[PDB]
């Protein structure tokens, strides 16, 4: 269980806590979101991100953040602004990028 794996697990646990209803837990289906797959070309979700951590597919924080951004951007593309999914995507995006900022990562660097 590599250091990066342990770190991303931690970030992921913190992010999933801001989604109590599990809207980002698993892939959005066409059954619950009509036409979704005709609009979103690269679906992403916490579940898929988890699997990639376990399989050791992320080489950096950068690559993990990219998948996280893809997830929020997908929500803000398919959904209209005045929806719960759009608003939660924005909120979580901002809190994710604050948690995983260059400046916080640097402070951590300096104390190791």
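Positions refer to the first chain, counted from 1.
Per-stretch averaging of Cα B factors for 17-25 and 100-108 places 100-108 on top.
Averaged over Cα atoms, the B-factor as recorded in the entry is higher for 30-38 than for the other of 30-38 and 64-72. Ranked by Cα temperature factor within the chain, residue 51 sits in the middle third according to the deposited record. Looking at the C-alpha B-factors along this chain, the one for residue 88 belongs to the middle third.
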